[PDB]
Amino acid sequence: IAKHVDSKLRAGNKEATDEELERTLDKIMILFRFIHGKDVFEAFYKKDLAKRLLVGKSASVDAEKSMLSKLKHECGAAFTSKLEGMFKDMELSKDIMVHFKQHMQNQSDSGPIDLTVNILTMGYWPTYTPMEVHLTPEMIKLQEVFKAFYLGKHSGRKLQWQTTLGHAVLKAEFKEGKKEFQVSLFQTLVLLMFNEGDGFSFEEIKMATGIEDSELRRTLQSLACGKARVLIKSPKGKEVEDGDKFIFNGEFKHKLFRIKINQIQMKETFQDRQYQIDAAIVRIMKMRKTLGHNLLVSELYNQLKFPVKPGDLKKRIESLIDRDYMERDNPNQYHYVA
Amino acid sequence: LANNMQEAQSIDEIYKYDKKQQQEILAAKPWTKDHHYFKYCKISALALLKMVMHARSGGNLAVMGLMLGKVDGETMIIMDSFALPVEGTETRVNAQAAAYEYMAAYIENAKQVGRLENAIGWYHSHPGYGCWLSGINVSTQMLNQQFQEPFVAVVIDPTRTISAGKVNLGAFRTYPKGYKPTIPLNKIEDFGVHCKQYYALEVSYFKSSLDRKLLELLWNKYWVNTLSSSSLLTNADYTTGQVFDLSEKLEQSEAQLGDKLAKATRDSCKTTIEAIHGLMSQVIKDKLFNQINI
């Protein structure tokens, strides 16, 4: 159900709208307010927000924070939580990028390449470790410079880079016409390392770049196949083995002065525990008749060995209070009531 | 053991059962007139011992059973207690099928031997859960009291009793439907949310002449704890609290006067008698020990 509102909030050129977009967003929340199972909707919206902000840019942050504020009502400040964090992270990334641009323009103004960082927080975002692929020497200088600048600005943070969720542009010089590529890091690395030399075999790509075998296979699946003109090869569909002799053809007659082969985004590949928790809740009561919520949670954590998530605690407390096993005037206290 | 009486003593008529008197008091039904009728529950030593042993033998689980006896005047006498074959969890007990057959068969068999008493109440053990009536005990006690009127709910705590060394037995009776009527809040807290629905009773214990005679020779090493008793020292807080409650009772009786004086006089006499007994024991010790080789 959240896919509809994600598509409505997505950038769509002509999809751009006016205040009636805000009215439609309010209508969507009107349809949502009586829908149960909010956890699934929240998780889907978190994934959608991460996809829209982490890679690419959405239609407008305006309606984004408007929707976040609207979900804050009728739900609670602690319920939203992460999405506000992602929005603040995007704002901080923009500010830090402006500051880094000023710093680069100030001292030793050379600007070989145009860096654009999107520093995120470890906890909020759905992070994932990169392949630890070795970056080619053209972009190592900017990595070092920005690392030094970030360490100078913020003290004791450490940057955990992710070379799997970024973009770049390469000025191709095959023949006449500087076909500006738009590539992911893997394709940038492959093309740049192929620039020095010619006809590197697949094992040579593995050794020089260091990409994982599966990811390198997926990357080299592109730069060919589509339209059967990016790279001419006798096999079709998928055929890549160790020691394969592949070389880029010395001509690129793609009939448009805007090359985007970063098409990877498009061609992208309890009952027993609940019983134990309920029994623990019952046993904590029928003793301490009036108990606070945090005290009850701490008591159950003490009485149990395996960790268990607080979400299980909350859902079991709600389920067992639904059965008239307790009653709720402070809102963080429970009486026994049998 | 001599220079006294050895025949039927004055503490044995409590064990005697009179069928005619019980029938007359059951036909009279004086409980329905004043609903604050029963205020005292007298339990035999055997019944209390059996209850405590059965409650502790159940471990961390809960157990339940019945208790026989009768009712006289303003007091309920509980003579014997027999367990039930119940299988209960750590919180709740059910007594689904075999408990009722056991009740009927055991009552019939006891009547065969000579047990002339009828069932007088039920008890259920809280394994470390205090001594109070839960929302289910209140409902079942109301169910029993609506039809089988002479009844009482006895709650025992085995874990707290074994940990603290003192028995925790509570006798309770439920009010009917619609019957509304630095100080600690435990008076309301230690009861459940149904604190206004049931009221407690004064629990006392009694034993027979043969019971006391046999228990006198139970063990012959508590004499050391009697000679070095150190009375008036282990219960000073008890006497101060008794004096405070006695002052409150005296104030209430004085306010009323301007029959309540009788219980205040009784409490004062009890406290003074305890103090005088302690002083007498101390004087006896001083005469025995420190008055030699002077």
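Residues numbered from 1 in each chain as written, not as in the entry; some residues may be left out. Chains lettered and ligands numbered in written order. Part of a larger assembly, values for the part shown. Heavy atoms only, no water.

The name given to chain B in the PDB entry is COP9 signalosome complex subunit 5, and the organism recorded there is Homo sapiens. Looking at the Cofactor heading of the UniProt record, one finds this comment for chain B: "a divalent metal cation". (UniProt positions renumbered as here; feature names shortened; annotations may be inferred.)

Under the PDB entry, the name given to chain A is Cullin-4A, and the source organism is Homo sapiens.

A. Geometry of the overall build of chain A. Check the secondary structure of chain A and you find 13 helices and 4 strands. Whereas a compact globule of 338 residues would reach a radius of gyration of roughly 20 Å, chain A reaches 27 Å, over 25% beyond that. Taking the principal axes of its C-alpha atoms as reference, chain A extends roughly 85 × 50 × 45 Å. Residues classed as buried in chain A amount to 36% of the 338 residues present. Taken as a whole, chain A presents about 21,400 Å² of accessible surface, with 55% of it coming from carbon and sulfur. (Helix = DSSP H or I, 4+ residues; strand = E, 2+ residues; numbered from the N terminus. Rg over C-alpha atoms; globule rule 2.2 N^0.38 Å. Buried < 20%, exposed > 50% of the residue type's maximum accessible area, 1.4 Å probe, protein only. Areas by Shrake-Rupley, 256 points an atom, 1.4 Å probe, with all protein chains shown as cover.)

B. Geometry of helix α3 (residues 38-54) of chain A. Residues and elements named next belong to chain A. Here α3 contains 17 residues, and its C-alpha end-to-end distance of 24 Å stays within 8% of the 24 Å for a straight helix at 1.5 Å per residue. The elements touched by buried residues of α3 are α1 (2-9), α2 (19-32), α4 (61-72), α5 (77-80) and α6 (82-106). A positive backbone phi angle near 75 degrees is found at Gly 56, which sits one or two residues after α3. (Expected span 1.5 Å × (residues − 1). Contact = heavy atoms within 4.5 Å.)

C. Main features of the pattern of salt bridges. Residue and element names in this part refer to chain A. Summed over the entire model, instances satisfying the criterion amount to 19 salt bridges over all chains. With its nearest N and O atoms 3.5 Å apart, the salt bridge here joins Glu 84 to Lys 88. One end of the pair, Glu 84, and the other, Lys 88, are both in helix α6, 4 residues apart, so they sit about a helical turn from each other. Here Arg 288 and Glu 299 are joined by a salt bridge, their closest N and O atoms 2.9 Å apart. You can see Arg 288 sitting in the loop between α11 (271-284) and β3 (291-292) and its partner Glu 299 sitting in helix α12 (residues 293-303), a full 11 residues away along the chain. (Salt bridge = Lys/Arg side-chain N within 4 Å of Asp/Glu carboxyl O.)

D. Representation of the nonpolar core. Among the nonpolar cores identified, the biggest contains 43 residues, and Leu 300 and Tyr 334 of chain A together with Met 64, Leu 133 and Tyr 198 of chain B are the most heavily contacted of them. Elements that contribute at least two residues to this core include exactly α11, α12 and α13 (310-322) of chain A together with β2 (64-72), α4 (135-147) and β5 (153-156) of chain B. Ignoring sequence-local partners within four residues, the contact set of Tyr 198 of chain B consists of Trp 132, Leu 133, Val 138, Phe 172, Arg 173, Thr 174, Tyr 175, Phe 191 and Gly 192 of chain B. (Core = buried A, V, L, I, M, F, W, Y, C linked by side-chain atoms within 4.5 Å.)

E. The interface of chain B and chain A, seen in detail. Listed as interface residues are 15 residues of chain B and, on the opposing side, 10 residues of chain A. Both sides together, the interface formed by chain B and chain A hides about 1,100 Å², and carbon and sulfur atoms give 62% of it. Of all residues in chain B, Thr 91, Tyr 129 and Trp 132 of chain B give up the largest surface area on contact with chain A, accounting jointly for 44% of the area buried on that side. Here chain B and chain A share 1 salt bridge between them. (Buried area = accessible area lost by both parts, 1.4 Å probe.)

F. How the structure looks around the side chain of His 254 of chain A. When you line up the elements, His 254 of chain A lands in the loop between α10 (213-221) and α11. In contact with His 254 of chain A, other than residues within four places in its own chain, are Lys 179, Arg 229 and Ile 259 of chain A.

G. Quick look at the UniProt feature "domain: MPN" in chain B. Following the UniProt record, the feature "domain: MPN" maps to residues 41-178 of chain B here. As annotated, residues 41-178 of chain B comprises 36% helix and 29% strand, and the C-alpha atoms at either end are separated by 25 Å.

H. Seen up close, the pairing of β2 of chain B. Residues and elements named next belong to chain B. Of all 9 residues in β2, 8 are buried; the element is thus mostly enclosed. Inspection of the sheet shows β2 paired to strand β4 (residues 118-125) by 6 bridges, in the antiparallel sense. In the sheet register, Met 67 faces β4, and the bridge partner there is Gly 121. Of the pairings in the sheet, the one linking β2 to strand β3 (residues 75-83) comprises 7 bridges and is antiparallel in character. Bridging across to β3, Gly 69 finds its partner in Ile 78. Hairpin geometry of β2 and β3 is characterised by an intervening segment of 2 residues between the two adjacent antiparallel strands and by a positive phi of about 55 degrees at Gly 73. (Pairing = 2+ DSSP bridges.)

I. Highlighting a nonpolar patch on the surface. Residues and elements named next belong to chain B. The grouping of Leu 210, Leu 214, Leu 215, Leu 218, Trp 219 and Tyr 222 at the surface amounts to a nonpolar patch, some 690 Å² of accessible area in total. Residue placement: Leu 214 occurs in helix α7 (residues 209-216). Accessibility expressed as a relative area gives 56% for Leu 214, which makes it exposed. (Patch = residues over 30% accessible without salt bridge, like charges linked within 9 Å, V, L, I, M, F, W, Y side chains within 5 Å.)

J. Highlighting the environment of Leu 227 of chain B. Residue and element names in this part refer to chain B. Inspection of the secondary structure assignment puts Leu 227 in helix α8 (residues 223-227). Here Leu 227 falls in the partly exposed class, since its relative accessible area comes to 30%. Setting aside its immediate chain neighbours within four residues, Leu 227 contacts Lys 285, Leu 288 and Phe 289.

K. Fine view of a positive patch on the surface. A grouping of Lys 227, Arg 229, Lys 255 and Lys 267 of chain A is seen on the molecular surface, where their side chains present a positively charged patch. Structurally, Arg 229 of chain A is set in the loop between α10 and α11. (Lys, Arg positive; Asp, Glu negative; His and termini not counted. Charge placed at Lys NZ, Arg CZ, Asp CG, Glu CD.)

L. Quick peek at the sheet that holds strand β8 (residues 202-206) of chain B. All names here are of chain B. The strand order β7-β6-β5-β4-β2-β3-β1-β8 describes an open sheet built from 8 strands, whose pairing is mixed. The sheet is open, and its two borders are formed by β7 (198-200) and β8, each paired with just one other strand. With strand direction ignored, the average angle separating the axes of adjacent strands in the sheet is 35 degrees. Set on the sheet, helix α2 (residues 45-57) makes contact with β1 (40-44), β2, β3, β4, β5, β6 (169-174) and β8; between it and β3 the angle comes to about 45 degrees. (Axes fitted to C-alpha atoms, helices over the stretch in contact; angles between N-to-C directions.)

M. Molecular detail of the packing of aromatic side chains. All told, the structure shown has 26 aromatic pairs over all chains when counted by the stated rule. Seen from their ring centres, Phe 174 of chain A and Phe 252 of chain A are 5.9 Å apart, and the 90 degrees between their planes marks the pair as edge-to-face. Residue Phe 174 of chain A is found in the loop between β1 (167-171) and β2 (180-184), and its partner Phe 252 of chain A is found in the loop between α10 and α11; the two are separated by 78 residues along the sequence. Geometrically, the ring pair formed by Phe 191 of chain B and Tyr 198 of chain B is edge-to-face, given 5.4 Å between the ring centres and 70 degrees between the ring planes. Across the pair, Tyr 198 of chain B and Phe 191 of chain B agree in class, each one buried. Through a chain of ring-to-ring contacts, three or more aromatic side chains come together here, namely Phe 174, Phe 181, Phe 194, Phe 200, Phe 246, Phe 248 and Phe 252 of chain A. (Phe/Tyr/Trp six-rings, centres within 6.5 Å; stacked < 30°, edge-to-face > 60°.)

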